[PDB]
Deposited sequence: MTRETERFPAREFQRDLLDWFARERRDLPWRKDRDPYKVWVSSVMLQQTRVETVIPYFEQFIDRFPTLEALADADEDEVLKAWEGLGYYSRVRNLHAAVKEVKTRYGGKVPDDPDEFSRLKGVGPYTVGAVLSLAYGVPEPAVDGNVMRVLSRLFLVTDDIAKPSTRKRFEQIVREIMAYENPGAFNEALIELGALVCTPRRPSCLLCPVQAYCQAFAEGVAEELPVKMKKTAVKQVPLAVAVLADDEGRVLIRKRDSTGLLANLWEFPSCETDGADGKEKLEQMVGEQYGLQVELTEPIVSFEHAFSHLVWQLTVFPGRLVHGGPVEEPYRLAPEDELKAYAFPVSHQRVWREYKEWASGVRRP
C-alpha cells in the first residue's frame, strides 16, 4: 500500500531499455519462439542456451515444423542441454496446438497451462511477451529480486511464498506493457540483483529496496541447503569389432536419460564380470574385455554416477538384437548421447 509502483516502473523499464542484452529470442515476439526459449531456459543459463536456440530454430523454424518432425531429431537437437523431458513435453505440446488449437499458441492462461511442460513461469513468459497478457512470470531471478525488494524471509520453495510473489507482481506490474515488465524483473536479477554480491550501488531500484535498507540482501532469498546425493557406481564397456563398429544401446522411453543412446552399462565392484555376463546374455554375442582405462564422476541433481570404462572387442555370430546396435565410429556423431557417455567415448578415443 505504501509502495510507489508507477515510480518503480519508470526506473526499471528505463534501465531495461538501456541494458537489455541482445539475445536470439528478442529479435521478435513469435509465441512459438518465446515458448521455445522459455522452455530451454528452464534451469539452464542464458549463455548456455544461446547457441542451442539458434540451432533449434534452424532445424525447426515453426510450431508446425517441430510437430511434423521425428522424436529422434527433436532429441538430438536438445543433446547436452539436460532435463530432456522438457523437449518430449514441448514436442507433444506443439502437436496438441496443431490439432486442438489450429497451430495458434493459446492466449488463455488456463488453456496454455494445460499443455505439457507449461507451468507458471512458462505461462507468464509466453503470454505476456507474445500476447500482452498480464500473467506473472515468476522464476528464480524474480523471487530473489522480490524477496530483497519486499523482505520476504520465507523459503521461496513454499506455495504460500510463491503465492505472495504472484500477488506482489499483480500489484506492482505495469499493465501497459506486461511483457517488458516481466522481462525486466528477470534481467535485473540476471545482471544486477545477483545471488552473490549484488550490485546494489549499480541498481536502478535501490530506493525501493527494503533489503538494501536493512543490509540483509546477501541473506536473501531463503533457499534450502542441498542434502547429499546418492553415489552410483557404473561399469561401461566400449566394445568394438573387426569391422570397427562400436556396440551401443538405446535407453528406455521412461526414466533417466530417456530415449538416449549409451554404451553398455551395468551396476557395480568386479565390473568386468557383471559386464561380460550382460553382453553374453544377448543372442549371438561373445565378449572379452581388458583392464579399465579411466574412472570419472558425472553429476545429476538427484544423484552422482561414478563411471568406469572397460575397453574391449566383440564377436557377434549374427544380428545384434535390439535395443543394441553396432555403429561405425564415423556414424556415432549422428546418435544422441548423454554428456556422461560423450565423455566415455573421448576417454576411449584418446586412450589409443
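Counting the deposited sequence from 1, the stretches lacking C-alpha coordinates are 1-5, 274-275, 360-365.
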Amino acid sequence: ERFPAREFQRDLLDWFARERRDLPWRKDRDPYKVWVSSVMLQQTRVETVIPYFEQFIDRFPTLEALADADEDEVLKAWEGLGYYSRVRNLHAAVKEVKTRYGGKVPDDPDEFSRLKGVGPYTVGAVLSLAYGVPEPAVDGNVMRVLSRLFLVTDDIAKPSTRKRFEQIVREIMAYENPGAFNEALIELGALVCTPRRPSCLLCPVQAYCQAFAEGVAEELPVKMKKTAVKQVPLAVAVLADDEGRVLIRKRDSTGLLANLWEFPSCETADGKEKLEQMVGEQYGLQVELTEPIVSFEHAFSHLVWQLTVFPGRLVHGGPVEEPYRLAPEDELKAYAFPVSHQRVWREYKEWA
From here on, numbers count along this sequence of modelled residues.
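Per-stretch averaging of Cα B factors for 132-140 and 252-260 places 252-260 on top.
Mean CA B-factor, 195-203 versus 141-149: the higher value falls on 195-203. Of the residues listed, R45, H302, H316, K33, the entry assigns the biggest Cα temperature factor to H316. Highest CA B-factor among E214, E171, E187, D72, as stated in the entry: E214. When the modelled residues of the chain are ordered by their C-alpha B factor, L307 lands in the middle third. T268 sits in the highest third of its chain by CA B factor, as recorded in the PDB entry. In this PDB entry, the Cα temperature factor of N89 sits in the bottom third of its chain's modelled residues, the lowest group.
When the modelled residues of the chain are ordered by their C-alpha B factor, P109 lands in the lowest third. For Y283, the recorded CA B-factor ranks within the highest third of the chain. Only modelled residues enter the ranking.
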